[PDB]
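We begin with a single chain expressed as structure tokens, specifically the form solved without the DNA.
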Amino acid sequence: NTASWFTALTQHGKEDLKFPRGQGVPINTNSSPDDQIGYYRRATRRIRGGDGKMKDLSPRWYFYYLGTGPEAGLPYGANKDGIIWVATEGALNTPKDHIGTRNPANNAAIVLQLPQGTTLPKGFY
């Protein structure tokens, strides 16, 4: 029933999502500098293509604060396929249960915006 607090980043290439150190956490004026830590989770989508076989669509990457989302129990830095970690300089390695996930019935998604000088990888928008 719950979802990410932000809209997705679309992957148009083969390479997975990877940000430089200290970059990647979306802007959120309601969160504090301590809370600037989390991960992006890939959501693969497939449809009945124009021919007759299942064609894959461009995957989407959704941000979730540390200790929240479908991988709430994973610690920061854990190695898992479809999960890449991000953190701003000075963020605490603690779960963000106080922020939690978004319930779509009461709240719309925040438009994902990255701070000034952020280097998005090739094929990510």
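Numbers for residues come from their place in the sequence shown, where the first is 1. Note that the rigid core is defined as the largest set of C-alphas that superpose within 1.5 Å between two forms.
Unshown form deposited with the DNA bound; subsequent notes refer to it.
Consider the chain as shown here, without its partner, and state which of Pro104, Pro20, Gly117, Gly13 has a heavy atom within 4.5 Å of the DNA in the deposited complex. Comparing distances to the DNA in the deposited complex, the residue within 4.5 Å is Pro104.
If you check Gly77, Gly73, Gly90, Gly49 against the DNA in the deposited complex, which one has a heavy atom within 4.5 Å? If I apply the 4.5 Å criterion carefully, the residue I get is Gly49.
Though only this chain appears here, would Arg41 touch the DNA in the deposited complex if you measure heavy atom gaps against 4.5 Å? Yes, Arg41 sits close enough to the DNA in the deposited complex that at least one of its heavy atoms falls within 4.5 Å.
Is the gap between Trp85 and the DNA in the deposited complex 4.5 Å or less for some heavy atom pair? Judged by the heavy-atom cut-off of 4.5 Å, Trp85 is well away from the DNA in the deposited complex.
Decide whether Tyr64 counts as a contact residue for the DNA in the deposited complex under a heavy atom distance cut-off of 4.5 Å. Looking in the deposited complex, residue contacts with the DNA include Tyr64, since a heavy atom lies within 4.5 Å.
Any non-hydrogen atom of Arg60 within 4.5 angstroms of the DNA in the deposited complex: It does: once the DNA is placed as it appears in the deposited complex, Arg60 has a heavy atom within 4.5 Å of it.
Listed by sequence position, which residues of 78-93 have a non-hydrogen atom within 4.5 angstroms of the DNA in the deposited complex? Nothing in the stretch sits within 4.5 Å of the partner.
Once you overlay the rigid core, does the Cα of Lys55 travel 2 Å or further between the shown form and the other one? For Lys55, whose C-alpha is compared between the shown form and the other one after core superposition, the shift is 2 Å or more.
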